[PDB]
Structures are given as structure tokens and as C-alpha cells.
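Notes follow the structure.
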Amino acid sequence: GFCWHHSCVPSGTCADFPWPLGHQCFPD
């Protein structure tokens with residue numbers, strides 16, 4: 001998982017975030 005923009009994406013998520021994050025997957 002990952003916390004981003006005051007929000008948090010759960011483990012298993014994959015999203016296309018702005019540069020320099022880009023497409024990121026989050027096993028945790």
C-alpha cells in the first residue's frame with residue numbers, strides 16, 4: 001500500500017500517479 005494526496009491506496013493497488021511517481025504498484 002501507499003499513502004498519497006492525504007489518501008491511501010491499499011496493498012495490491014496500481015495506479016498512474018504524476019511524475020516522478022508514474023505507474024506504481026503497492027504490495028504494502
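Chain labels A, B, ... are given in the sequence in which chains occur in the C-alpha cells; within each chain residues are numbered consecutively from 1, and ligands are likewise numbered from 1 in the order shown.
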
Using only C-alpha atoms, which residues sit within 8 Å of residue 2 of chain A once same-chain residues fewer than 2 positions away are excluded, as a PyMOL selection string?
chain A and resi 4+8-11+26+28

Can you list, as a ChimeraX atom specification, every protein, DNA or RNA residue that comes within 8 Å of residue 14 of chain A when you count only C-alpha atoms, leaving out same-chain residues fewer than 5 positions away?
/A:23-26

From a backbone DSSP assignment, name each residue in chain A labelled strand (DSSP E), as a PyMOL selection string.
chain A and resi 2-4+7-9+13-16+23-26
